[PDB]
Each structure stands twice: as structure tokens, then as C-alpha cells.
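Peer 1: Handing you this structure, nothing more for now.
Values in this text are rule-based calculations from the coordinates and carry no lab data. Don't worry about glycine lacking a Cβ; one is built from the backbone with ideal geometry, like all the others, and counts go over all protein chains shown.
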Amino acid sequence: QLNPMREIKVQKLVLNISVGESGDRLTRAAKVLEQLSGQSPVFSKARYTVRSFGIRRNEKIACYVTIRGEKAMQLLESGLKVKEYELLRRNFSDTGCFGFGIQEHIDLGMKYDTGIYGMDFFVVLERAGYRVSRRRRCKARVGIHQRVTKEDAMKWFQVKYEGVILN
Amino acid sequence: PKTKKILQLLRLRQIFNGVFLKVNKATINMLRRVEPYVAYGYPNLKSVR
Amino acid sequence: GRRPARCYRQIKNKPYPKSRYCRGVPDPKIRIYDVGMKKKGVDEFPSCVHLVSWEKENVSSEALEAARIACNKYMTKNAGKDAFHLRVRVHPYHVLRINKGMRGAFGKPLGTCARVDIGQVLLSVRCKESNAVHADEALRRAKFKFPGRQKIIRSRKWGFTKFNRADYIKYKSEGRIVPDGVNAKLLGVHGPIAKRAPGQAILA
Amino acid sequence: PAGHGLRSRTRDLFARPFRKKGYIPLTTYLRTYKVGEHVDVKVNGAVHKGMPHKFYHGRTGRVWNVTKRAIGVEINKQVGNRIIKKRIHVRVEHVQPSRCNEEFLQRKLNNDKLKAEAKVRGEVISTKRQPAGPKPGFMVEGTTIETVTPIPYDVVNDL
Amino acid sequence: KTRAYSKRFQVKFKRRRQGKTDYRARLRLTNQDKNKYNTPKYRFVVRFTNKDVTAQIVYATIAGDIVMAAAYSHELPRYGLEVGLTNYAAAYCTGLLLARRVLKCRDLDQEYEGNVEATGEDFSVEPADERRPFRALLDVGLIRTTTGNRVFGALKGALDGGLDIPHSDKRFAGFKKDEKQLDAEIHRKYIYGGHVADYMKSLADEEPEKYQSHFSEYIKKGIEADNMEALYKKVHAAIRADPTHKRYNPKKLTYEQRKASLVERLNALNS
Amino acid sequence: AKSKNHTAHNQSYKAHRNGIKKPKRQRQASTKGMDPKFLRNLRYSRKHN
RNA sequence: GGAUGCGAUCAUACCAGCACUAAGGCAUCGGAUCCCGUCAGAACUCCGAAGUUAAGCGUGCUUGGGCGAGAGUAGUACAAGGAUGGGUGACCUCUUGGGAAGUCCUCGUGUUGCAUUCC
RNA sequence: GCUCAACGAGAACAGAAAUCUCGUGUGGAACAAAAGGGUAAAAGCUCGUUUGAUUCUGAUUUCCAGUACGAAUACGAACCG
RNA sequence: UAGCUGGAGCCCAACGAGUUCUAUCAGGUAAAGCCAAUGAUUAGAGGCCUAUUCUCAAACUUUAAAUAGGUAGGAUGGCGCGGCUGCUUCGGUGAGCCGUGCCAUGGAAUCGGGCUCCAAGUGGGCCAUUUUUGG
Ligand SMILES: [K+]
Ligand SMILES: [K+]
Ligand SMILES: [K+]
Ligand SMILES: [K+]
Ligand SMILES: [K+]
Ligand SMILES: [Mg+2]
Ligand SMILES: [Mg+2]
Ligand SMILES: [Mg+2]
Ligand SMILES: [Mg+2]
Ligand SMILES: [Mg+2]
Ligand SMILES: [Mg+2]
Ligand SMILES: [Mg+2]
Ligand SMILES: [Mg+2]
Ligand SMILES: [Mg+2]
Ligand SMILES: [Mg+2]
Ligand SMILES: [Mg+2]
Ligand SMILES: [Mg+2]
Ligand SMILES: [Mg+2]
């Protein structure tokens, strides 16, 4: 259906950095997200003690941030440019979300010569009316005709960033 | 004790004592609980007189 | 060895299963419950005979295994290893205690036994009609391993199903029985209509 | 105390009924109780304040006091030779109004109306209940009669 | 899902499943002391839609809630207010209108005339010592009670209308968290629409293109930022003066229609 | 030497010799334990009758 | 024949998958000055009225799952009282009373209060 | 204010378990402890403010002789959060 | 120490009752269930999953008896009129109580006469039908 309310837009983009420890590495990791977003990043603690990774309970090991609006549009454009608009078929989840990775944030543009850091890009695609599942009063499911699935998300990437899905 | 009480309400305190009982649901279910201790039936005019 | 079965023959206690409150229980002697051709189609064996217990008593795991072996060996020899299916219909779930003076006499586990009642099927054999007489002989040999009184009864059902032979055949002609091993589920009139197949959807 | 705690052997008694847990309906909370009324006591295990002892579950008693969140209930307890009129306070969640006199309350109004008519007409009546008694004679027309017979015994169909 | 899941599932209360009622809060709002017997606890229900303000005086019975009096924002044009029917000012107007209506019903309006000029600070109508003022409890619902929430605009209107509502001033528009006191001047500005009027001035000058599209119905009605104080002042005075089937859905099929359709589908699969 | 621990044998027979005693039904049930509010108020109302 | 606010009962009301809806109301929706709010105007809060019934909400359908009522299971299982009843016993009869539960089969899928309002 | 265990599909390093995202999720988690009950806009988790874990005696429940102690409940008269 | 018993009385005669009936509450034992949660447990069938399948539970359970349990079945009730309250309500609004005038054919069956003091002995029990634990 060609309803004008049935247009896919980026709900939010989440930049994840997972260092695995705390100290100067985490602080320099956070500053990179500060530069690329303009908002204070939020740290994430560890939930289990795992000897192989060398992490204890309630230890700061990662950091992330949520961006929405034109800023997340430009960040996704530059991030997908690093891939040269070459995603993968597996990269798309079946709920209408996809992501990729960046090995080095220098390709995003900032010189940062803080150090050498990568990030996990994840992007949530949604249509209008998704508020019904997040508003406090009268919560409800968003309805299958208003949901974004893998077919729409893959089509959305093909025609917006001239991207090609690899197999 | 339950058999002892019911036979007191029917006034059957001794063996070979006899009484007249009028029939209703209340009395009949009283009689069913003391069935092994008693013999009864429907009397006729010759018996009553 | 162990005490004679007369010491535990009568059902005197409440059931005492192996559980979190009863630990250190030796394993049952009987571990196999189906012998012969177990993976035989439901349309192959229409003959069914039962060894039915006529007493309410305990039956040990030992007595169950001995009867299974004795019933099995005659059937394979006198009818063929391929001509029958024999099923033990009782599982030993009761734990018997032994107190090895009377101070603190609660006993430790001794063995496992089944609790059976009158009319309870002990053993079942499904074969073909030509071998039904041999089926009575193997059940007759098996009953000497059990305490108490047992009967051998010719079942009216087709094989191990719950269907009488007069009605299992009637359903088969109508195209209303789907064979799942030995169970022969009788499809009916419920569920999605698209779930059925051409010829397998019946009104009422 | 002395071998058994307050809620001993109440595992089934104080449990909630199946698929009837969670919220407590508003009807429980805005029923009105007055002194002299009859109420049944039924503990519910989700409300722990005002909880009566397990003896009073399933007993009916009179209301003798009313407070903000509870009512006073009078319940008979047999202690050896005699009955002790126990007086306990229970929160409204564990109490429901009793219907042990509902049939009596309506009957009393009806007996008043029936005796009112006898006053107008000048008659004398009873309006007193009588147990079910012997049925009067009656006739039944000639219809079909089905014959019932003992059935021959079948061994196979006994199970 | 599994049939075992369905067999053991217990459904919540219907208005909980709809996400419309906090049953913990409703219990504490309606539960009355037992030695008060049939005395009802009255509620001051204030609800905001996307376009309307609902105000109701409600008490609970067995058969359901019973309303003593109701008022709406959408009937405010009958008094003079046609725009901004969901802001802090119209919330104050709805609260004042409801309070005037209840006092009329109970013959208390003349005895308890509240503030007739929307003072802008904390108010409580003083009990007359012979007939106490009508007492209701504010029921906010599922909204978040923040400082300056419009529900406290309606609360302020009911207080000025003459109702006794147990409250505090910590949540009126104007309270300062770093000072623990209320600015009655900022509160009066909100009650008379100053925060909206400041926006119109902060839109008509620097971004006229945004000003036209944003306050379109204001412009279409010819309302300017300088008429708001007089517009809301007249409404309060006006309220205090005269406060008083073709079927379009299908029906359920019958047995003789449901079974008739089933015979056709079953043969279609069979053949 | 061990002995018996507990029994209710003969206890209910003992309880029924002077068969179970129901308390005397009295008009004007005692007001003790009623809430002191509405108790002093009832006292004040009676005093001012 | 509809809605909205607040409810009663709390699955005949739930769950799963499909289809459709006039008016109005709801809702989705636009924005971030002010109050408020977070990593994030996503949520919450405040101010609005360009667009839309796509979603939500409402209604209907399915030889649907569940839930509810029947019939049947079955006078079966069990169990109150009685027997100088049978039997070596296990147990089981009869007599005076009470009386269940799965499978299977059939049907159903809400009712309703106060206020305002749309046709 | 929020929702737990677990599962499904996803994102460089990073895999069975490191962090992020969406969907399902009647509790399959958690609630110091034994076990049993009980609890989902909570009784669980996170944050804000706090000391009612306060004063005065009475009454009732459990044990029961219907004594004491312990423990608990419903009021009253204060002072507070 | 309470209970069971005697003696002494005394106070009175509608009140009750080791019983049924009518109505209304409460229960998780027997049975049953697993083709329902927790746990145990045999076997194939079709594609780890799905639909079946044999057998189980004092410290499992959705359902769920019989027998026993509690309450009620009027004169110690009701209705007007008038008062009192320092309690309660927006409010004679309620909750009670006080006074006063009327009304109440006795409200199922059956049976029946029932507050205090002083004290004795007892506080080894045993047996039987049914239920039941250890062995
Ligand atoms: K034998
Ligand atoms: K114990
Ligand atoms: K059952
Ligand atoms: K099971
Ligand atoms: K003594
Ligand atoms: Mg034993
Ligand atoms: Mg002690
Ligand atoms: Mg709240
Ligand atoms: Mg001895
Ligand atoms: Mg002794
Ligand atoms: Mg927005
Ligand atoms: Mg729609
Ligand atoms: Mg159905
Ligand atoms: Mg616990
Ligand atoms: Mg405490
Ligand atoms: Mg049990
Ligand atoms: Mg059993
Ligand atoms: Mg003595």
C-alpha cells in the first residue's frame, strides 16, 4: 500500500564500542563518540566474571550512544561510505534492523591522531505509528502492515545509498 | 452416640417399645440412620385401634 | 541373597518412589519393556492377548524380567523372531525398605517393585491369527514367574490400539485412519480445514 | 509456639485459587459491614496484614466492631467442655458477607405480607414451613412401557 | 505459543490490559474507612487527550463509577475561548468550570466563592465552620506528575473555583527546585497564557514562516499575543456568570450461515 | 520404662457429660474492645440525652 | 449502529493468523521558546494543527489453540452404615444411603453502569 | 520510573559465554537465610527524599490452664517521614 | 493444674439438643489426571521439532467426592414520630443511642425441665470394627 504514512525512516542509530576493560582506553574510546555525536556517551558495565576475557563483575568494559535526526543520517552516510556501499545479506535482521562495523574511525573523517579505534554501527528502521508500542498509556503492538521487515529494509538500502547486497 | 440420641428423640429408649411417626423428609432421614436398630412399617386401622 | 517375595507381596505402605527424598535406590532389574518386532506396522498384527493379574499385590522387578525372558524365548522359538511383539505393561516404581533392636528402624532401600491391582494388564503380545495359540502358551509359561493368580484373556482390540477389530476395519475402508507406528490415530472433524488433504477431510 | 508456628500446615489452605491470583477486585473493598451482620471468613494468601488464624477459615460469625481497615468478628470455638465466643479483628480482604440468613430475611417480609392479608379478610393463617411429605394419589395414562432385564455377563467387556 | 501456555495463562483486569488504569492507585483512591460506611470518596478526574481536556467529579459504586458533574474543554467556546484548548490556561478554565458546576449542584456556590480573579499562588477556601467546602481527591491517571504539568493547572482552577482539594504548591508552574518556593508571578503568567504569548512573540519576529504554520488557528481567528490576558480574563468571568441507525460493521454469522459456508470449503478441498 | 505419649480417647465423652456449654445469650453485649472513638462519643450522647 | 472519560465483572472478555470500517471521537502526527526530561524531545513534559486512517482502537472470519456450558464417561471409581456375609488369605458380594474425574462428542466466544457525544 | 529468567534474529575485533539492537516472553527470575505460600505500572530492579527499627499504655490472636514469655494483628492518644 | 465425680444449695421454667430438614459458606482426603504445570518414565512414527504411545507420585497437581466442619431458621424482631453526640459527612449526610406510639398467629421436624461454692479419687491403661505410621 502506498500510504504516505507508510514511509520508512531511521528511528535511531546506535554506535557501540566494546573495549573490554577500564582505564585510559575507555576514556579515549568515549571521546571518539563525543566527537562524532556531540553528546556524552553512556558506559556499560560487565554482568559476569569471565576469566577468558579478563572481566570482573560490574566493570566498565564498553560504551555506546544513541543518535537520531540529521546527525545520525550523516553518520550513517559516512559509515556506509567506508564500506563503499557494500553490505551483506546477513547484516539485516528480520525485524527491520541492520548493522555493520568500522575497523578504524579515521575513515569517518576525524584525524584523531586519541588512537586507533573501531565501532559497531547499528541502525533501526521504522515507520510512523511505532509510538503505540513505547508510549506509557495504552501500549500496543504496531501491526504487521506498519512493520518493517527484511524485504523492506534491504530494498530501502538499495535505493537510498545505491547499495548492493552481497551474498 | 448418634444412634443413642436419635432413638431418644423417637422415644425408643427400650427394646420392643413402639411409637407412631408421621412421615416427612425430616423424620425419614432420622430413621435411616437408626435403621439397624429398628423395625417399622405402615399400620392399618386394626393395628392402631 | 534377597528376602523371599512373600515378605513384600502385599501392598501395605503408601507408594515410596525414588525421588529427592529417597536416594541411594538400586536400579531395576528390568530395563527393556518391548521385545520382538516393536517397529511393526499397525496393520500387520491384529491378534492381541493379555496376561491379566487377578490379585492386588506387589510384583518385583526380578519377576517381571524373568517373565519377559520366558515369554520371549518360547515365542521366538515356536513362532519366529519376526512374528510377534511383546510389551511389558508394568513399571517398578515402588521402593521396598529393609531394616538390616527396634530403635530407629526405618529401612534403607532394598529393591524396586510394581504395585498392581485386579484387572491390570501385566503382559501383552500382538501377532497374527495363525500364531495366536502359541501366544497363549508363552503367556501360560510367563504366569509361573509371578506370584498370585493371573488370567490369559483374548483381547477384542486390533493389536495394541484402542479400536475394536470390527470398527478398525470399518474406519480403514472409509479412509479415516492414519497409521503412526502402532497407534493408528483416527482423524476426525476438527483443526484447520487447510491442514487436511484431499480425501482426509470429513464432515462429522 | 510449642511445636507449631502460626501458619503451620496451611500450604493448601492459604493458597490462592487456580488462575485467580494478582489483583484484588474493588468489590472486596467497598462492601459495607455493620454491627450484628453475619460474615464468612476466608483467608486469602496475598494479604498478610489482618490475617486470621487458620482455625477461623471457613467459619461464619457476627460483626461486633468496625474500624478503618478491619471489622470485629465473633466466632464460636469449642475448647473442651464449652464454646468460647472468640473475638478477632480481620481485614476486609479475608471476609465476605454471609448469605446464611438471606432466605430467612425474605421469608420474614413475605410472612408479614401474608398475615396482613389475613387481617384484611379476617382469616387466621399459619405461614409456617413444613417438610416435604407423602405425595398424593394420581393417575398415569396408558403409554409405552420399556422392559428392563438383567444382562448376561461378558468377560471381555468387564474392564 | 503452546496450548499449555494458554491453559495456565491468567488474564489481567481488562483496563490493565488496555493500559488505562493503575489499579494500585485506584485502590488507595477509592478505599474508604469501614467506620465511615456508605460515605463516598469523591475523585477529581483530569484527563488530557490530544485535543480535549476532560474533568469529572466521580465516586465509585459496585455497578461502576458515578459522576457528580463533568466539564470539557471543547465546550469552552460557549464561554469565549476557542483556541489552545489543551494548554495550561484552558486546563485552568476547565478546572474552574467544573468547580462552579459542582457547587451549583450542591447549593454551595454562593456560600463558597473562591478567588474570582485567578490569583496565581497557593489557595485553599477557608471552611465556613457550618458547611465545609466540597472535598475531592485529584486523580491524575498514568501521566507523569512533573512541575508545571497541566493537571496542576486544572487543580489550581478547581481551588479558585471553591473546591477543597488536598494539595501542595510544589508542582505548580513556577515552583523552583533550587529555592523550594513558588513564584506566584510566573504561575499567573501561565494561568493567563503568557508562556504561549511569549512563544508567539518569539515566532512572529525572527521566523515569520514558522510563526504562520505553527499558530495557524490563532491567526485565522485573528487572536494576537496581546489579547490573551483579556481573553482568559473574560472566560473566567463568563464561567462564573452562567456555569450550567444504519449498521456499518458486519454482524456475527449464524449457525446456518457458518455451517453452509463450511460445506462448500470442505468439498473444495476434498475435490 | 516407656509409656504412652498422647491420645484423645475418652476425651469427647468427658466433654459431653456436662454437654458442650454454649455461652448465655445476653441482650446488651459488652462493648469492651470496641474502638475508643464512637465509644466515648456514645457515652457523651447518652450523658446529654 | 459508533465513540470518548471513568468503571463493574475479570478469557464466553485471552492468544494466533487474516479482512474491513460513514460521522464523530480517539489516535497516529508537527515542533522544542517556555515548565520538564534524558546518552538520546525515543520516552516524559510543554506548545500546536500541515497530513493520514498505514498503525492503534473497533467489528467480522477460522471445520484455529485456549476458556465456558452441556452430553457422555457412569450409577463406573470411591466412599457413610449393616451382616455369626463368601473366601486360606489378598480381596470381594449383598442390604440401607451418597456419588466423582480425563479421553471422545456438541454448542458458545460476553454482559453491563454513570456522563458527554456521532449518525 | 522500569521489568525479570529464557529464547529468536542481527552488529569489526568477539568465538559457547565480553558490549549494543529489535521481537517474543504468566514469571519458566528475584525477594539475606530452610521449606512452603505470596508478589509484574510489584512485594522484584534503579533512582530521590528519609528514620515509624519513635513515645504512652490498653485490647485481641497464636500457645493456652484459655497463665506467663516470645511473636503477630486491629484501634486510640501524640510526634514525624 | 484443667477435665471427669460427690455434697451443699440457690435461681427460675421459655429455653435448649452428641438428631434430622431448608438455605448458605469452607475444605484438597479417597478417586482421578499426566492426551494440563513440577518430577519420573517405555516405544516407535513423520519431518532438534511435530503428532502420538506404555506406565507412575506421602513430602506432584488442573478437576474432585462420601463422611465429618461452621452459620441461620423472629417476641433479645420491626416501623413511624421526637430528641442526643464532643464521632462521621459538602450536607440529616451517616453510625449509633435515648424517649415514645403502633405492629409482630409464635415462623421447619422431633424431643425435652435446666448460677455459685467446697471437696474426693484419677493423671501405668488394655481390647475390638474401620482408617493409619514403623517393622
Ligand atoms: K502365578
Ligand atoms: K514436623
Ligand atoms: K482428574
Ligand atoms: K506430568
Ligand atoms: K491431681
Ligand atoms: Mg506401613
Ligand atoms: Mg512453649
Ligand atoms: Mg503513581
Ligand atoms: Mg507397650
Ligand atoms: Mg502416662
Ligand atoms: Mg517527536
Ligand atoms: Mg486502521
Ligand atoms: Mg474454539
Ligand atoms: Mg520464602
Ligand atoms: Mg511486625
Ligand atoms: Mg496431595
Ligand atoms: Mg491416589
Ligand atoms: Mg482434682
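Peer 1: Positive end of the charge dipole of chain C (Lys, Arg +1 and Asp, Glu -1 on Cβ, about the Cα centre): tell me which of C:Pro4, C:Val182, C:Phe84 has its Cα farthest that way.
Peer 2: Highest projection toward the positive end goes to C:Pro4.
Peer 1: Please compute the Kirkwood hydrodynamic radius over chain A, one decimal place, Å, based on all pairs of different Cα atoms. Walk me through the numbers on the way to the answer.
Peer 2: On the way: mean 1/r = 0.0569 Å⁻¹.
Final number for the Kirkwood radius of chain A is 17.6 Å.
Peer 1: Still on this structure: Can you bin the range E:51-196 into rounded, prolate or oblate? Criterion: square roots of the alpha carbon gyration tensor eigenvalues sorted a ≥ b ≥ c, rounded for a/c under 1.5, prolate for a/b above b/c, oblate for the rest.
Peer 2: On the way: a/c = 1.44, a/b = 1.25, b/c = 1.15.
Cα axes put the range E:51-196 in the rounded bin.
Peer 1: Could I ask something else about it? Neighbour counts of other C-beta atoms within 10 Å: give me E:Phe152, C:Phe160 arranged from fewest to most.
Peer 2: Working: E:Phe152 30, C:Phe160 20.
Least to most surrounded, the residues fall as C:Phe160, E:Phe152.
Peer 1: Let me ask something additional. Quickly estimate the mean residue ellipticity at 222 nm for chain D, helices only: each DSSP H run with n ≥ 4 gives -39500 (n - 2.57), and the total goes over all residues, rounded to 500. Write out the running numbers ahead of the final one.
Peer 2: Numbers: 2 runs with 24 residues, N = 159.
Calculated from helices alone, the mean residue ellipticity at 222 nm is -4500 deg cm²/dmol.
Peer 1: Now for a different question. Relative to the Cα centre, what is the charge dipole magnitude of the range E:205-256, using +1 at the beta carbon of each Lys and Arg, -1 at the beta carbon of each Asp and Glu, and rounding to the nearest 20 debye? Walk me through the intermediate numbers first.
Peer 2: Details: 10 positive and 10 negative charges, 169 e Å.
Once rounded to the nearest 20, the dipole reads 820 debye.
Peer 1: Shielding by partners for A:150-162, please: the mean number of other protein chain Cβ atoms within 10 Å of each residue's Cβ. List each step's numbers first, then the result.
Peer 2: Details: counts 0, 0, 0, 0, 0, 0, 0, 0, 0, 0, 0, 0, 0.
Average per residue, whole number: 0.
Peer 1: Another question about this same structure. Tell me whether chain D comes out rounded, prolate or oblate; compute the Cα gyration tensor, take square roots of the eigenvalues as a ≥ b ≥ c, and use a/c under 1.5 as the rounded threshold.
Peer 2: On the way: a/c = 2.48, a/b = 1.27, b/c = 1.95.
Oblate.
Peer 1: How many percent of the alpha carbon pairs in the range C:92-204 exceed a separation of 23 Å? Walk me through the intermediate numbers first.
Peer 2: Working: 3625 of 6328 pairs.
Result for the distance tail: 57 percent.
Peer 1: Considering the Cα trace of the range A:1-68, what is its radius of gyration and what is Dmax, both in angstroms?
Peer 2: Final numbers for Rg and Dmax: 16.6, 54 Å.
Peer 1: Which residue, C:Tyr74, C:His50, C:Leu64, has the largest displacement toward the positive end of the dipole of the range C:33-91 when charges sit on each Cβ (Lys, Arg +1; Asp, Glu -1)?
Peer 2: Farthest towards the positive pole: C:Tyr74.
Peer 1: Another question, if that's okay. So what is the diffusion coefficient of chain B in µm² per second by Stokes-Einstein at 20 °C and 1.002 mPa s, using a Kirkwood Rh over Cα pairs?
Peer 2: On the way: Rh = 11.7 Å.
It comes out at roughly 183 µm²/s.
Peer 1: Taking the range C:1-98, how much of its Cα-Cα pair set, in percent, is spaced more than 18 angstrom apart? Write out the running numbers ahead of the final one.
Peer 2: Details: 2727 of 4753 pairs.
Percentage above 18 Å: 57.
Peer 1: When the helix-only estimate is applied to chain A (DSSP H runs of n ≥ 4, each -39,500 (n - 2.57), divided by the residue count), what is the mean residue ellipticity at 222 nm, nearest 500 deg cm²/dmol? Before the final figure, lay out each step's value.
Peer 2: Values: 3 runs with 38 residues, N = 167.
My calculation for chain A gives -7000 deg cm²/dmol from helical runs alone.
Peer 1: Quickly work out the A:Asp107-to-D:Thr32 label distance, labels modelled 7 Å from Cα along the C-beta direction, and quote it in nm with one decimal.
Peer 2: Result for the modelled spin labels: 7.8 nm.
Peer 1: Let me ask you something else. In debye, nearest 20: dipole of chain A around its Cα centre with unit charges on the Cβ of K, R (+) and D, E (-)?
Peer 2: Details: 31 positive and 18 negative charges, 247 e Å.
Using only the charged Cβ atoms, the result is roughly 1180 debye.
Peer 1: Give me Rg/Rg_expected for the range A:101-167, where Rg uses Cα atoms only and Rg_expected = 2.2 N^0.38 Å with N residues.
Peer 2: 1.61
Peer 1: At a 10 angstrom cut-off on C-beta neighbours, averaged per residue, how do the peptides C:24-31, F:2-9 rank from highest to lowest? Please report the intermediate quantities before stating the final value.
Peer 2: On the way: C:24-31: 13.9, F:2-9: 5.6.
Those peptides, ordered most packed to least, come out C:24-31, F:2-9.
Peer 1: Relative to the compact-globule scaling 2.2 N^0.38 Å, provide the ratio for the alpha-carbon radius of gyration of chain F.
Peer 2: Numbers: Rg = 22.9 Å, N = 49, 2.2 N^0.38 = 9.7 Å.
Output field value: 2.37.
Peer 1: Divide by every residue of chain C the summed helix terms, -39500 (n - 2.57) for each DSSP H run of at least 4, and state the resulting mean residue ellipticity at 222 nm, rounded to the nearest 500 deg cm²/dmol.
Peer 2: Working: 3 runs with 40 residues, N = 204.
Taking each H run of at least 4 residues, the total per residue is -6500 deg cm²/dmol.
Peer 1: Normalise the Cα radius of gyration of the protein assembly as shown by 2.2 N^0.38 Å (N = residues in it) and let me know the number. Kindly include the intermediate steps, with their values, before the conclusion.
Peer 2: On the way: Rg = 42.7 Å, N = 899, 2.2 N^0.38 = 29.2 Å.
This ratio for the protein assembly as shown stands at 1.46.
Peer 1: Shifting gears a bit: I'd like the per residue volume of the convex hull spanned by the Cα atoms of chain C, given in cubic angstrom.
Peer 2: Details: hull volume 33.7 nm³, N = 204.
Roughly 165 Å³ of hull volume per residue.
Peer 1: Let me ask something else. At E:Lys51 and F:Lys4, where each label point lies 7 Å from the Cα along Cα→Cβ, what is the point-to-point distance in nanometres?
Peer 2: 8.7 nm
Peer 1: Expressed as a whole percent, how much of the Cα-Cα distance distribution for the range A:1-40 exceeds 16 Å?
Peer 2: Numbers: 423 of 780 pairs.
Everything past 16 Å amounts to 54 percent.
Peer 1: Please quote Rg/Rh for chain E to two decimal places, taking the Kirkwood radius as Rh and restricting both calculations to Cα atoms. Please report the intermediate quantities before stating the final value.
Peer 2: Details: Rg = 24.8 Å, Rh = 21.9 Å.
Dividing the radius of gyration by the Kirkwood radius yields 1.13.
Peer 1: Kindly identify the range E:41-112 as rounded, prolate or oblate by the Cα gyration tensor criterion: order the square roots of the eigenvalues as a ≥ b ≥ c, call it rounded if a/c is under 1.5, otherwise compare a/b with b/c, prolate if a/b is larger, else oblate.
Peer 2: Numbers: a/c = 2.56, a/b = 1.34, b/c = 1.91.
Oblate, because a/c is 1.5 or more while a/b does not exceed b/c.
Peer 1: Compute the signed sum of charges (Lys and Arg +1, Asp and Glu -1) over the other residues within less than 15 Å, Cβ to Cβ, of E:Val263. Write out the running numbers ahead of the final one.
Peer 2: Details: positive: C:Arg196, E:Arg258, E:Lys259, E:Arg265; negative: E:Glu256, E:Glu264.
Local charge sum for E:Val263: +2.
Peer 1: A further question follows. Apply 1/(1 + (r/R0)^6) to the Cβ-Cβ distance of E:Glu75 and A:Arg6, taking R0 = 45 Å, and write down the FRET efficiency to the nearest 0.05.
Peer 2: Values: r = 37 Å, r/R0 = 0.82.
Efficiency, from the Cβ-Cβ distance: 0.75.
Peer 1: Same structure again: The range E:228-266 to the range D:1-45: how many Å between their Cα centroids?
Peer 2: The range E:228-266 and the range D:1-45 have Cα centres spaced 42 Å from each other.
Peer 1: Sticking with this one: Using every alpha carbon pair in the range A:31-129, what percent of pairs falls into each 10 Å bin from 0 up to the bin containing the largest distance?
Peer 2: 13, 38, 34, 14, 1
Peer 1: Give, rounded to the nearest 20 debye, the magnitude of the charge dipole that the protein assembly as shown has about its Cα centre when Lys and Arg contribute +1 at Cβ and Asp and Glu contribute -1 at Cβ. Present the calculation step by step, with values, prior to reporting the outcome.
Peer 2: Numbers: 185 positive and 86 negative charges, 1751 e Å.
Dipole magnitude for the protein assembly as shown comes out near 8400 debye.
Peer 1: I'd like to know which of A:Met154, E:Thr147, D:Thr143 lies farthest towards the positive end of the charge dipole of the protein assembly as shown, counting +1 on Cβ of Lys and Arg and -1 on Cβ of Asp and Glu.
Peer 2: D:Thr143
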